[PDB]
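Worksheet: one structure, shown below.
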Amino acid sequence: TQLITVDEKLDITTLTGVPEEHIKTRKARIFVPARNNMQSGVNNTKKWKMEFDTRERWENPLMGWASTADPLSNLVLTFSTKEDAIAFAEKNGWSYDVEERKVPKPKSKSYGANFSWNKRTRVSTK
Amino acid sequence: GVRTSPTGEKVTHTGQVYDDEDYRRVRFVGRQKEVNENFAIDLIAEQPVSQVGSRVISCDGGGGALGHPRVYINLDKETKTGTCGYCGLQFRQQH
Amino acid sequence: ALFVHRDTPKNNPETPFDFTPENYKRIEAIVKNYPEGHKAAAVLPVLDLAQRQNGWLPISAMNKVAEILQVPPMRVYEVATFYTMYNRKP
Amino acid sequence: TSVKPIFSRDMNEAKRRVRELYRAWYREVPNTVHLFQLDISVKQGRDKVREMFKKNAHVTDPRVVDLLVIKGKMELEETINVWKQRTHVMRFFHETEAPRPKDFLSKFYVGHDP
Amino acid sequence: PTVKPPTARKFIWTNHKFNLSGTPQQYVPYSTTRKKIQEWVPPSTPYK
Amino acid sequence: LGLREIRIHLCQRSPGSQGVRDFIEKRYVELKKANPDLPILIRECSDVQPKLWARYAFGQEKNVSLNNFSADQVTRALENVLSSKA
Amino acid sequence: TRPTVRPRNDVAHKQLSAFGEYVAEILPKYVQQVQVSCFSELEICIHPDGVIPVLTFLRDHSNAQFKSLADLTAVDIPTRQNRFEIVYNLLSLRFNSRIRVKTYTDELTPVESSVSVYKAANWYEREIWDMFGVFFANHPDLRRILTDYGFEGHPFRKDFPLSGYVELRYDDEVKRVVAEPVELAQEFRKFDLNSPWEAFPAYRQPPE
Amino acid sequence: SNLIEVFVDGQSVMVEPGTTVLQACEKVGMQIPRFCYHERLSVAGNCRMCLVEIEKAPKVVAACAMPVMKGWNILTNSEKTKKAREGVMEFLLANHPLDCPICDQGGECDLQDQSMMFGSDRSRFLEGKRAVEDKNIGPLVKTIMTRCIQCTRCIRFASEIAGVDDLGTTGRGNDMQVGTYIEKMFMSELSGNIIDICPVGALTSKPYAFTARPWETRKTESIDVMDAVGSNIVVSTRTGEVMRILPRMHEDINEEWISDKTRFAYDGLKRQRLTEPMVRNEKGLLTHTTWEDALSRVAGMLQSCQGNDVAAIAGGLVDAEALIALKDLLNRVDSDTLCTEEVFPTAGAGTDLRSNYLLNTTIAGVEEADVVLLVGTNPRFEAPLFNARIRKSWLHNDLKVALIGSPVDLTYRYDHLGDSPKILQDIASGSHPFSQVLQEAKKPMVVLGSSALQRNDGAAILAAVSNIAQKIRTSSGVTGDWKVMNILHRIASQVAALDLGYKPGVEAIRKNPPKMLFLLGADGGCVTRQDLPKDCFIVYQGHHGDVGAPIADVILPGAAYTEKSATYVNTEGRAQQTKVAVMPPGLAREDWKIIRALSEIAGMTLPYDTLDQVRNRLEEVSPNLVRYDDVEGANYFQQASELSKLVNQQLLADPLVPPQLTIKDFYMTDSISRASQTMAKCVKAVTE
Ligand code: SF4
Ligand code: SF4
Ligand code: FES
Ligand SMILES: [K+]
Ligand SMILES: [Zn+2]
C-alpha cells in the first residue's frame with residue numbers, strides 16, 4: 001500500500017514552535033499591496049502578501065529608538081495566488097482576512113478627444 | 001549659539017532639552033550632557049552672500065570632488081537670495 | 001527676459017487698461033470670425049489689439065482679454081509668454 | 001488525501017508511540033532531577049511532562065503526532081545524555097517570566113494586546 | 001605637522017581631549033529629538 | 001418589561017427571504033403606522049438567512065428564524081413579537 | 001558586448017543539455033524536469049521517491065561518476081504546497097562537472113535519507129532537519145545540529161521571524177541563564193526596497 | 001464582437017478599437033515606461049518616453065497616444081525601442097538637477113527608477129544645466145521647479161479633475177516653465193494630488209518635507225474618516241510614528257485621489273491628544289488618574305442610572321464597534337437614548353429602511369447618470385471626491401448638473417435653479433422647467449445633502465426630495481434597477497450609527513435631559529451644560545481635547561482612526577475597516593475596549609472579548625457592517641415614500657445655505673483638523 005489516508009484538516013501549529021499568543025491572537029492580512037501613488041510602476045502589485053496586525057512600538061528610554069515586543073512585526077510573506085496564502089494561513093492556524101485584488105479598470109483613451117468640436121473634453125491648453 | 005534651560009541643562013542645536021519633571025535627566029547626574037557648541041545654523045549665517053554677475057550660478061561646496069554634487073541655482077528673484085540646498089551658501093545676482 | 005510676473009507699481013492687476021469703443025467694435029468683428037463655442041480662438045488677435053492700443057501688455061490687458069472672452073487668465077498668460085511679439089515690458 | 005506515512009499507519013500506532021514516549025519520560029524525570037541537581041520535585045517534573053503531552057492532545061493527524069514523538073525523543077535524548085545543561089531543562093519552567101494578564105480587564109490595564 | 005600643518009578651521013578643537021571614559025566628563029547617550037505627541041492640557045479654570 | 005426595537009434581516013434576491021420581502025412590500029407601512037415610535041430596522045444583505053431580532057428591556061434579545069416563511073407566517077411571528085413584550 | 005558582459009559557454013551548455021537528456025531517458029520513472037541555466041548549470045528536478053535511485057545512478061554510472069556531494073540544501077518557498085525544495089549539488093571529478101538534483105517535500109512527508117549514497121549527507125540533511133523541519137527517514141542519528149538544545153521551531157523557514165521568539169539573559173535570582181520572550185530595544189527596520197518597475201523582461205510571467 | 005487582433009512581441013491579443021499601444025501592451029502584463037501619460041488624465045504625448053517600435057514601420061510611435069491598427073506587432077524590447085528610451089532618458093537627465101540626496105522623491109522617484117531600468121548608466125552632457133525659479137503655490141505643495149521635466153500632469157490635473165485652470169506653461173523652448181505666471185496660490189480641495197502625480201520631486205509635500213524616505217516606511221492600508229466618502233488610504237509610518245497619508249486606488253470611491261484634509265490633517269493627530277484618564281478633583285479641575293479610578297467613577301454613576309437617566313452622543317469619528325459597544329452598554333441600563341450630532345429626520349420611515357439615508361445610486365453610479373440634481377449641498381467641500389466624480393461625469397459623459405441652494409463654485413458649470421426650498425415643490429408639480437428635464441432623463445439622480453437636513457424643516461425637505469424622486473421613478477423612463485433618491489453624508493460615523501439604530505440628532509436629549517451623558521468623540525458642541533441639569537455626569541471618550549473634553553467630569557482617552565482596526569461605513573453604505581498603523585499614545589485605549597472594560601466594572605459585562613466577537617455582535621445588529629468593500633443595495637423607496645406622506649411638515653422660507661461656502665470653511669471640520677497646524681496654515685493662507 002505504502003500510502004495512508006488522512007482525511008483530517010492540515011494543521012502544523014504544534015510543530016512550528018510558535019508560542020500560542022502569536023497564533024490565536026494574530027490577524028494575518030492577505031492582500032495584493034496597493035501601488036505607491038508616488039510612482040506609476042505596477043511591478044509591486046503582482047504578488048499576494050501576508051502580513052500581521054501591527055503591535056505596540058514604544059520609545060526606548062535610552063536612545064529614543066522604536067522598541068517592540070512583537071516577533072511577527074517584520075514578517076511579510078509572498079504568495080503567487082490568493083489560495084496559496086489562504087492555505088498557508090490555515091495550515092499555521094492563523095486567523096486571516098482577505099482583501100480582493102483591485103485591478104485598475106480599462107480606460108477609454110483618445111488623444112483626439114482633446115480637440116473635440118462640441119464636447120467638454122477639449123483641453124484649454126497643451 | 002547654545003542656550004540653557006531653567007533647569008540648567010544645555011539645549012542642543014536640534015532644540016532637545018529634557019523637561020524639569022522628566023526623570024531621564026538622572027543619566028547626566030554626576031556626568032555631563034555632551035552637546036556640540038558649533039551650531040551649523042549660526043555658522044552658515046556668518047557667511048557673506050556671494051555677489052555674482054550671472055543669472056545662474058553653480059555650487060559644488062568647494063574642493064571639487066571633495067564637496068557635494070554640483071547644483072545650479074537660479075538668481076532671478078531679487079527679493080530672495082539663491083541658497084545652495086547642500087551647503088547653505090547663498091548667492092545674489094549683482095544687477 | 002523672464003516668464004514670471006512680479007507686481008510693480010507700473011505693471012499690476014490694478015494698472016488702468018480698457019479698450020476704446022471702436023476697439024470694442026473691432027473685437028466684436030474679431031470674435032465673429034470664429035464659430036460659436038470657440039470664442040477662445042479670438043485670444044491671439046484681441047490681445048494683439050491690446051498691444052496696438054497700448055504699445056505693450058501690462059497684466060490688465062491680459063486680464064481684460066481673459067474677461068471679455070470668458071477664458072481663464074492663465075490661458076491668456078500662456079499666449080502672451082509663448083509668442084515673441086507680445087511686449088510684456090514697455 | 002493519500003499521503004506517505006512517517007512511522008504510523010493510523011492513529012492507534014501513533015498513540016502507541018505517544019504512550020511509549022510518555023513512559024520513557026516518566027522513567028527519566030527522577031534521574032533528570034538528580035543529575036541536573038534541579039530544585040524541583042519529581043512530582044513537579046512529571047506534572048510538566050504531563051502538561052507538555054496534554055498541550056498536544058488535540059492533534060488527529062498521524063504524521064503530526066509522529067513528528068511530535070520524534071521531537072520528544074530528540075528532547076529525551078538531549079536530556080538522558082547530558083547535552084542540555086540545567087538551564088535547558090529549567091526553560092520548561094518559566095520561572096523568571098512574570099505571569100501574563102489572563103482576563104480582559106488586566107490586559108486592558110497593562111496595554112493593547114488582545 | 002611641523003612640516004605640513006593641518007588645514008585651519010574655526011570648528012576644529014583647539015584643545016584635544018583624551019579618552020574620557022570613567023570620568024565625570026564622559027559621554028552619556030540621549031535621544032536628540034523632541035517630543036512627538038503633544039498632550040492636551042486641561043483648563044485651569046473650573047467647569048461650573 | 002417591553003419591546004424596544006425590532007430588526008428584520010433579509011436578502012434582496014434569495015427565495016428564502018421572498019415571503020419576508022412580501023411582508024415589507026405589502027404589510028410594513030400599516031405596521032409602521034400602527035407602531036410609530038417603535039424602530040423596525042429592515043436590514044437587507046447579500047446572502048443572509050431571514051431573521052427577526054426582538055430586543056426587549058435591559059438588553060434582552062430574542063431571535064426568530066424567518067427562513068422560507070410566507071408573508072402570513074412572517075406576520076404571525078411578528079405579531080407574536082409585538083404581543084409578547086417579554 | 002565584449003568587456004562588461006560575462007561570456008557565454010555554448011560548448012558546456014550543449015554538453016550539459018545532452019547529459020540532461022541522457023539522465024532523463026535513463027531514469028524516466030523519477031525525472032520530472034531537466035533544465036540548463038544560461039550560465040551552464042544542469043538541474044535535474046525529480047520526484048522525491050527517486051532520491052536514492054537517481055543519486056546512486058549519478059554516483060555509480062560510468063558516464064556520470066558524481067562521487068562528491070558538494071552540498072545538500074533546502075529552500076523554503078511558502079507559496080508551494082510542497083514548500084521545501086531539497087537541493088543536491090554533486091561533483092564529478094572524472095568528467096570535471098557539476099550537477100544539481102532538486103526535489104520537494106512539505107512539512108509532513110519524509111524524504112529518504114541519502115547517507116547510504118553519500119555519507120557526506122549525514123550532517124547536511126541533519127541541518128535540513130534543524131533549519132527547516134524536513135524529516136529524513138532512515139537517517140542514522142537525526143537530531144539538531146546548529147540550534148540551541150531546547151530550541152522550538154525551525155529558523156530558516158520563511159515564516160520564522162528574524163529575531164526569534166525567545167532570547168537569553170543571565171538571571172541572578174535563579175543563578176541561571178534564562179529564556180524570555182524577545183523584546184528588542186530597537187526593532188529591526190523593515191526596508192521595502194523593490195522598485196515598482198520591471199527589471200528583466202525575459203523573466204516576465206504571463207498574466208492572469 | 002468587434003475586437004481587433006494586435007501583437008505584443010509576437011503574442012496575440014484582442015483589443016477594442018481605440019485601444020492605445022500602451023494599453024495593448026498593458027493587457028499582456030508589460031508596462032511601457034512613461035512620464036506624461038496618466039490613465040486618469042488626458043493624453044499629452046510629450047515626454048516621449050513611451051516610444052516603441054512597431055515592426056515593418058521605420059519610425060517609433062508614442063504608445064500612450066497611438067491607437068493600435070489591426071495586425072501591428074508591437075516590439076516592446078527591440079533595439080530601437082531601447083535606443084529611443086535611452087535617448088529620451090538622456091534628454092530628461094541633461095538639465096535635471098543633481099538633487100537626489102536632498103530631494104524628497106528619492107527612492108520613490110519614477111525618473112530615478114526608469115533611468116535605472118530603461119536609460120543609460122552615465123552622462124554625455126558636458127554643459128551647464130538650467131536652473132528654474134521656484135514658485136509659491138501655497139503652504140501644501142513645496143515647489144522646486146528645476147526638477148520639473150515638463151510632463152504637464154500638473155496642468156491636466158488642475159484643469160480636468162480639480163477644474164481650476166490656474167497652472168500652465170509660460171515661455172517657450174528650454175525656458176518653458178510650469179507655473180501660474182503670477183504669485184497665485186493653488187488651493188483646491190484636491191490640490192495635494194499633484195504631489196502624487198508629479199513623477200519627479202518638483203512638487204513635494206511641504207508638511208512631509210525632509211522627514212522620511214520611502215524605503216523605511218511601513219505601509220498600512222486604511223480608510224479615511226475625514227468625510228463620509230471612505231477614501232482608501234495608505235498610512236505610511238516609520239518607527240511607530242505616522243509619516244504621511246497617501247491614496248489607495250479604489251475605482252469605485254476615490255479613484256486614486258484624496259482630499260487635502262485627508263492628505264494633510266494627520267499632524268492634528270499628534271497634537272491636543274488625550275493620553276491619560278482624567279477626573280475632576282476637589283477643586284473641579286481635570287487631573288490625571290488611572291484607568292481603575294476613572295472607570296470606577298464612571299461605573300458608579302452608571303449603576304445609579306436607569307431609563308432616561310443616561311444618554312449618549314456619538315461624534316463624527318466613531319467606529320461601529322464603539323457605537324454598538326456603547327449601545328449595548330446603555331441598553332443594559334434600559335436606555336435607548338443614543339444620539340448622533342448630525343440630524344437626520346425620523347419622520348415617516350426614518351432610519352428603518354436603509355434606502356432613505358444612503359447614497360443609493362453609488363459614487364460610481366454618477367458615471368451612469370445623465371442628470372444630477374444637487375439639493376441643499378456643497379459637495380465640493382462636504383464630499384470632495386464625490387464632487388470629483390461628478391466633474392468626471394460632467395467632463396466625459398456630458399452630465400447635466402443642477403443645484404438648489406446657494407450658488408457655490410463646484411469647479412464645473414451647473415444650472416443654478418435658486419436657493420429657495422419651494423422650488424422642490426415646483427419640480428414635484430411639473431410647473432418648473434427642470435421637472436421636464438428630470439422626466440425625459442433616462443438615469444436621473446437626486447442628491448440631497450445631509451447638511452440641509454440640519455435645518456428645522458429637514459423632514460419637509462426630505463419629503464419634498466423623495467416626492468420628486470418617486471414622481472420620476474414610478475412614472476418616467478427609469479428601469480427599476482436605477483436608484484434616484486440619494487443622500488450625501490458628510491460624517492464618517494453617521495451611516496454606521498444609523499444602521500445600528502441610533503436616534504439621529506440630539507432632540508431625544510433636549511426632550512428629557514439625563515443626569516449622565518456619554519460623549520463618544522462628541523465635539524460638535526450640540527449639547528452643552530446649559531442644556532443639562534444642575535450636576536450632570538459627563539463622560540467624554542475620545543482622542544482629542546477640543547470641545548466635549550473641557551466640560552466633562554471623566555475623560556476616557558480613546559484611539560484615533562490610525563490607531564485601531566475599526567469599521568466605518570461611507571455615504572453609499574459600503575462598510576470598510578481601518579487597520580492599526582500605530583498604537584494609541586500613552587494610556588489611551590481602543591474605544592470598544594474602554595466601553596467593554598467599563599461594562600465589566602459596572603457589573604453588566606457585554607458578551608464580547610475580542611474584535612471578532614464585537615464584529616459578530618455588529619453582524620447580529622445589521623449584517624452588512626462586516627461585509628467589507630460591499631455595497632448592499634437597499635430597496636423599498638415606495639414604502640418610505642408612503643410613510644413620508646403621512647405628516648405634512650412645512651418648508652421654511654429660509655434659503656438652502658450650506659455651512660461651507662468657500663475653501664476657508666473646508667479645512668477645519670472635526671477635532672483632528674482643528675488640531676492640525678497644517679490646516680491652520682491652509683486657513684491662514686486662504687483668508688489673506
Ligand atoms: S526628482 Fe528624482 S531624479 Fe530628480 S533629484 Fe529628485 S529623486 Fe533625483
Ligand atoms: S511639476 Fe511635475 S507634474 Fe508638473 S509638469 Fe513638471 S514634472 Fe510634470
Ligand atoms: S508617455 Fe507617451 S509620450 Fe509621455
Ligand atoms: K512628486
Ligand atoms: Zn553648495
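Residues in the C-alpha cells are named by chain (A, B, ... in the order shown) and by number from 1 within that chain; ligands are numbered from 1 in the order shown.
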
*Kindly compile the residues surrounding ligand 5 within 6 Å, counting only C-alpha atoms and all ligand atoms, and format them as a ChimeraX atom specification.*
/B:59-61,84,86-87,89

Selection export as an mmCIF file, in the first residue's frame, atoms kept: N, CA and C atoms:
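Output below, filename selection-v3.cif:
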data_model
loop_
_atom_site.group_PDB
_atom_site.id
_atom_site.type_symbol
_atom_site.label_atom_id
_atom_site.label_comp_id
_atom_site.auth_asym_id
_atom_site.auth_seq_id
_atom_site.Cartn_x
_atom_site.Cartn_y
_atom_site.Cartn_z
ATOM 1 N N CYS B 59 27.142 75.640 -7.656
ATOM 2 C CA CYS B 59 27.820 75.395 -6.393
ATOM 3 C C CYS B 59 28.111 73.909 -6.276
ATOM 4 N N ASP B 60 29.346 73.582 -5.910
ATOM 5 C CA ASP B 60 29.708 72.228 -5.533
ATOM 6 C C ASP B 60 30.225 72.143 -4.105
ATOM 7 N N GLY B 61 30.206 73.247 -3.362
ATOM 8 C CA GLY B 61 30.647 73.278 -1.989
ATOM 9 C C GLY B 61 32.127 73.484 -1.788
ATOM 10 N N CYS B 84 22.171 77.383 -1.797
ATOM 11 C CA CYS B 84 22.517 76.008 -2.125
ATOM 12 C C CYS B 84 21.806 75.042 -1.187
ATOM 13 N N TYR B 86 22.564 72.011 -0.563
ATOM 14 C CA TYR B 86 23.503 71.137 0.128
ATOM 15 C C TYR B 86 24.279 71.855 1.225
ATOM 16 N N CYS B 87 24.990 72.921 0.870
ATOM 17 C CA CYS B 87 25.933 73.537 1.787
ATOM 18 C C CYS B 87 25.417 74.819 2.418
ATOM 19 N N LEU B 89 25.421 77.824 1.337
ATOM 20 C CA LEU B 89 25.976 79.063 0.816
ATOM 21 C C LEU B 89 24.965 79.727 -0.101
#

*Within 7 Å of ligand 1, counting only C-alpha atoms and all ligand atoms: which residues, as an MDAnalysis selection string?*
chainID H and resid 96:100 103:107 109:112 147 200:202

*Considering only C-alpha atoms, state which residue in the set H:82, H:674, H:248, H:596 is at the smallest distance from chain D.*
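That would be H:596, the residue with the smallest distance to chain D.
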
*Please identify all polymer residues within 7 Å of residue 62 of chain C, counting only C-alpha atoms, omitting same-chain residues fewer than 4 positions from it, and present them as a ChimeraX atom specification.*
/C:47,57,66,73,76-77

Write the selection just made, keeping C-alpha atoms, as a PDB file, in the first residue's frame?
ATOM      1  CA  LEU C  47      -4.540  90.522 -27.173  1.00  0.00           C
ATOM      2  CA  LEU C  57       0.848  94.338 -22.446  1.00  0.00           C
ATOM      3  CA  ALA C  66      -9.460  86.952 -20.374  1.00  0.00           C
ATOM      4  CA  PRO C  73      -6.373  84.256 -17.273  1.00  0.00           C
ATOM      5  CA  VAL C  76      -4.017  84.265 -21.860  1.00  0.00           C
ATOM      6  CA  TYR C  77      -0.725  84.332 -19.921  1.00  0.00           C
TER       7      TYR C  77
END

*With a distance cut-off of 6 Å and only C-alpha atoms, select the neighbouring residues of segment 47-50 of chain H, excluding the residue or stretch itself and same-chain residues fewer than 6 positions from it, and output the selection as a PyMOL selection string.*
chain H and resi 32-36+62-63+85+88+151

*asked:* Set the distance at 9 Å and use only C-alpha atoms: which residues neighbour residue 14 of chain B once local chain neighbours fewer than 5 positions away are removed? I'd like the list as a list in words.
replied: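 So, after excluding close chain neighbours, the residues are residues 32, 33 and 34 of chain E.
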
With N, CA and C atoms retained, export the selected residues as a PDB file, in the first residue's frame.
ATOM      1  N   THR E  32      18.162  62.811  20.742  1.00  0.00           N
ATOM      2  CA  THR E  32      18.333  64.196  20.339  1.00  0.00           C
ATOM      3  C   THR E  32      17.076  64.802  19.740  1.00  0.00           C
ATOM      4  N   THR E  33      15.993  64.044  19.630  1.00  0.00           N
ATOM      5  CA  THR E  33      14.763  64.572  19.064  1.00  0.00           C
ATOM      6  C   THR E  33      13.854  65.112  20.158  1.00  0.00           C
ATOM      7  N   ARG E  34      12.866  65.886  19.736  1.00  0.00           N
ATOM      8  CA  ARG E  34      11.921  66.494  20.653  1.00  0.00           C
ATOM      9  C   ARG E  34      10.726  65.568  20.853  1.00  0.00           C
TER      10      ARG E  34
END

*as a PyMOL selection string, please: all residues of chain B that backbone DSSP puts in strand (DSSP E or B).*
chain B and resi 3-4+10-11+50-52+56-59+71-74+82-83+90-93

Please dump the current selection as a short mmCIF file (atom, residue, chain, number, x, y, z; two decimals), in the first residue's frame; keep N, CA, C and O atoms.
data_model
loop_
_atom_site.label_atom_id
_atom_site.label_comp_id
_atom_site.auth_asym_id
_atom_site.auth_seq_id
_atom_site.Cartn_x
_atom_site.Cartn_y
_atom_site.Cartn_z
N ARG B 3 22.17 77.71 24.29
CA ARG B 3 21.49 78.38 25.38
C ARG B 3 21.21 77.36 26.48
O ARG B 3 21.60 76.19 26.38
N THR B 4 20.53 77.80 27.52
CA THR B 4 20.35 76.99 28.72
C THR B 4 18.90 77.05 29.17
O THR B 4 18.30 78.13 29.20
N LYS B 10 21.77 72.28 28.98
CA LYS B 10 22.04 72.93 27.70
C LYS B 10 21.09 72.41 26.63
O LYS B 10 20.78 71.22 26.58
N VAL B 11 20.64 73.31 25.77
CA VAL B 11 19.76 72.97 24.67
C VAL B 11 20.62 72.72 23.43
O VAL B 11 21.47 73.54 23.09
N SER B 50 27.43 85.73 -1.75
CA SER B 50 28.32 85.87 -2.88
C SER B 50 27.64 86.64 -4.00
O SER B 50 26.62 86.20 -4.54
N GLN B 51 28.19 87.81 -4.34
CA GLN B 51 27.68 88.62 -5.43
C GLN B 51 28.28 88.13 -6.74
O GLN B 51 29.49 88.22 -6.94
N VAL B 52 27.44 87.60 -7.63
CA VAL B 52 27.93 87.14 -8.92
C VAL B 52 27.19 87.87 -10.03
O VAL B 52 26.07 88.36 -9.86
N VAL B 56 22.51 82.33 -13.55
CA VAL B 56 22.55 81.00 -12.95
C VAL B 56 23.96 80.77 -12.44
O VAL B 56 24.93 81.00 -13.17
N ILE B 57 24.08 80.33 -11.19
CA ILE B 57 25.38 80.04 -10.61
C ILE B 57 25.44 78.55 -10.31
O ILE B 57 24.41 77.88 -10.21
N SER B 58 26.64 78.00 -10.25
CA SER B 58 26.83 76.62 -9.85
C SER B 58 27.56 76.57 -8.51
O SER B 58 28.46 77.36 -8.25
N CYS B 59 27.14 75.64 -7.66
CA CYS B 59 27.82 75.39 -6.39
C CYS B 59 28.11 73.91 -6.28
O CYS B 59 27.24 73.08 -6.54
N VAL B 71 25.25 71.64 -8.14
CA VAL B 71 23.90 72.06 -8.45
C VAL B 71 23.93 73.47 -9.02
O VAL B 71 24.88 74.23 -8.84
N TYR B 72 22.86 73.80 -9.72
CA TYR B 72 22.71 75.07 -10.41
C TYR B 72 21.56 75.84 -9.77
O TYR B 72 20.47 75.30 -9.59
N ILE B 73 21.83 77.08 -9.42
CA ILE B 73 20.94 77.92 -8.63
C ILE B 73 20.53 79.09 -9.50
O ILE B 73 21.39 79.79 -10.05
N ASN B 74 19.22 79.29 -9.63
CA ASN B 74 18.71 80.45 -10.35
C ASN B 74 18.67 81.65 -9.42
O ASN B 74 18.42 81.53 -8.22
N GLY B 82 19.71 83.20 -3.60
CA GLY B 82 19.70 81.83 -4.05
C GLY B 82 20.59 80.97 -3.18
O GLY B 82 21.80 81.12 -3.18
N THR B 83 19.97 80.05 -2.45
CA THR B 83 20.65 79.24 -1.45
C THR B 83 20.95 77.86 -2.02
O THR B 83 20.09 77.24 -2.65
N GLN B 90 24.87 81.04 0.00
CA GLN B 90 23.83 81.77 -0.71
C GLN B 90 24.44 82.82 -1.63
O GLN B 90 25.53 83.33 -1.39
N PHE B 91 23.71 83.10 -2.70
CA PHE B 91 24.22 83.82 -3.85
C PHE B 91 23.23 84.90 -4.24
O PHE B 91 22.03 84.76 -4.03
N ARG B 92 23.75 85.98 -4.82
CA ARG B 92 22.90 87.06 -5.29
C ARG B 92 23.44 87.56 -6.62
O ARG B 92 24.65 87.76 -6.77
N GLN B 93 22.54 87.75 -7.57
CA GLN B 93 22.90 88.41 -8.82
C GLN B 93 23.11 89.89 -8.55
O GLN B 93 22.22 90.56 -8.01
#

*Please identify every residue of chain C that has at least one atom no more than 10 Å from any atom of chain B, counting only C-alpha atoms, and report them as an MDAnalysis selection string.*
chainID C and resid 2 4 6

*asked:* Tell me as a PyMOL selection string which residues belonging to chain D come within 9 Å of chain G, counting only C-alpha atoms.
replied: chain D and resi 3-6+63-64+67+71+74-75+78+83-92+94-97

Please identify every residue of chain H that has at least one atom no farther than 12 Å from an atom of chain E, counting only C-alpha atoms, and for each give the shortest atom pair and the distance in Å to one decimal, arranged by chain then increasing number, as JSON lines.
{"residue": "H:239", "atom": "CA", "partner": "E:36", "partner_atom": "CA", "distance": 11.8}
{"residue": "H:240", "atom": "CA", "partner": "E:36", "partner_atom": "CA", "distance": 10.6}
{"residue": "H:241", "atom": "CA", "partner": "E:36", "partner_atom": "CA", "distance": 8.3}
{"residue": "H:242", "atom": "CA", "partner": "E:36", "partner_atom": "CA", "distance": 10.3}
{"residue": "H:243", "atom": "CA", "partner": "E:36", "partner_atom": "CA", "distance": 11.5}
{"residue": "H:266", "atom": "CA", "partner": "E:37", "partner_atom": "CA", "distance": 11.8}
{"residue": "H:267", "atom": "CA", "partner": "E:37", "partner_atom": "CA", "distance": 9.6}
{"residue": "H:268", "atom": "CA", "partner": "E:38", "partner_atom": "CA", "distance": 9.6}
{"residue": "H:269", "atom": "CA", "partner": "E:37", "partner_atom": "CA", "distance": 8.2}
{"residue": "H:270", "atom": "CA", "partner": "E:37", "partner_atom": "CA", "distance": 4.6}
{"residue": "H:271", "atom": "CA", "partner": "E:38", "partner_atom": "CA", "distance": 4.5}
{"residue": "H:272", "atom": "CA", "partner": "E:40", "partner_atom": "CA", "distance": 4.1}
{"residue": "H:273", "atom": "CA", "partner": "E:39", "partner_atom": "CA", "distance": 4.8}
{"residue": "H:274", "atom": "CA", "partner": "E:40", "partner_atom": "CA", "distance": 5.8}
{"residue": "H:275", "atom": "CA", "partner": "E:39", "partner_atom": "CA", "distance": 6.5}
{"residue": "H:276", "atom": "CA", "partner": "E:39", "partner_atom": "CA", "distance": 9.0}
{"residue": "H:277", "atom": "CA", "partner": "E:40", "partner_atom": "CA", "distance": 11.5}
{"residue": "H:278", "atom": "CA", "partner": "E:42", "partner_atom": "CA", "distance": 9.0}
{"residue": "H:279", "atom": "CA", "partner": "E:42", "partner_atom": "CA", "distance": 10.7}
{"residue": "H:280", "atom": "CA", "partner": "E:46", "partner_atom": "CA", "distance": 9.3}
{"residue": "H:281", "atom": "CA", "partner": "E:46", "partner_atom": "CA", "distance": 10.2}
{"residue": "H:282", "atom": "CA", "partner": "E:46", "partner_atom": "CA", "distance": 10.4}
{"residue": "H:283", "atom": "CA", "partner": "E:46", "partner_atom": "CA", "distance": 7.3}
{"residue": "H:284", "atom": "CA", "partner": "E:46", "partner_atom": "CA", "distance": 5.3}
{"residue": "H:285", "atom": "CA", "partner": "E:46", "partner_atom": "CA", "distance": 5.8}
{"residue": "H:286", "atom": "CA", "partner": "E:42", "partner_atom": "CA", "distance": 6.1}
{"residue": "H:287", "atom": "CA", "partner": "E:42", "partner_atom": "CA", "distance": 8.0}
{"residue": "H:288", "atom": "CA", "partner": "E:42", "partner_atom": "CA", "distance": 9.8}
{"residue": "H:528", "atom": "CA", "partner": "E:47", "partner_atom": "CA", "distance": 11.4}
{"residue": "H:529", "atom": "CA", "partner": "E:48", "partner_atom": "CA", "distance": 8.8}
{"residue": "H:530", "atom": "CA", "partner": "E:48", "partner_atom": "CA", "distance": 10.2}
{"residue": "H:533", "atom": "CA", "partner": "E:48", "partner_atom": "CA", "distance": 11.9}
{"residue": "H:534", "atom": "CA", "partner": "E:48", "partner_atom": "CA", "distance": 9.4}
{"residue": "H:535", "atom": "CA", "partner": "E:48", "partner_atom": "CA", "distance": 9.1}
{"residue": "H:536", "atom": "CA", "partner": "E:48", "partner_atom": "CA", "distance": 11.0}
{"residue": "H:538", "atom": "CA", "partner": "E:47", "partner_atom": "CA", "distance": 11.4}
{"residue": "H:542", "atom": "CA", "partner": "E:40", "partner_atom": "CA", "distance": 11.7}
{"residue": "H:543", "atom": "CA", "partner": "E:40", "partner_atom": "CA", "distance": 9.5}
{"residue": "H:544", "atom": "CA", "partner": "E:40", "partner_atom": "CA", "distance": 7.3}
{"residue": "H:545", "atom": "CA", "partner": "E:40", "partner_atom": "CA", "distance": 5.9}
{"residue": "H:546", "atom": "CA", "partner": "E:40", "partner_atom": "CA", "distance": 8.7}
{"residue": "H:547", "atom": "CA", "partner": "E:42", "partner_atom": "CA", "distance": 11.2}
{"residue": "H:548", "atom": "CA", "partner": "E:42", "partner_atom": "CA", "distance": 11.5}
{"residue": "H:549", "atom": "CA", "partner": "E:42", "partner_atom": "CA", "distance": 8.3}
{"residue": "H:550", "atom": "CA", "partner": "E:42", "partner_atom": "CA", "distance": 6.6}
{"residue": "H:551", "atom": "CA", "partner": "E:47", "partner_atom": "CA", "distance": 6.0}
{"residue": "H:552", "atom": "CA", "partner": "E:47", "partner_atom": "CA", "distance": 8.4}
{"residue": "H:553", "atom": "CA", "partner": "E:47", "partner_atom": "CA", "distance": 8.9}
{"residue": "H:554", "atom": "CA", "partner": "E:42", "partner_atom": "CA", "distance": 11.8}
{"residue": "H:555", "atom": "CA", "partner": "E:42", "partner_atom": "CA", "distance": 10.4}
{"residue": "H:557", "atom": "CA", "partner": "E:40", "partner_atom": "CA", "distance": 10.6}
{"residue": "H:584", "atom": "CA", "partner": "E:37", "partner_atom": "CA", "distance": 10.4}
{"residue": "H:585", "atom": "CA", "partner": "E:37", "partner_atom": "CA", "distance": 7.5}
{"residue": "H:586", "atom": "CA", "partner": "E:37", "partner_atom": "CA", "distance": 9.3}
{"residue": "H:587", "atom": "CA", "partner": "E:39", "partner_atom": "CA", "distance": 11.5}
{"residue": "H:588", "atom": "CA", "partner": "E:39", "partner_atom": "CA", "distance": 11.3}
{"residue": "H:675", "atom": "CA", "partner": "E:40", "partner_atom": "CA", "distance": 10.2}
{"residue": "H:676", "atom": "CA", "partner": "E:38", "partner_atom": "CA", "distance": 11.6}
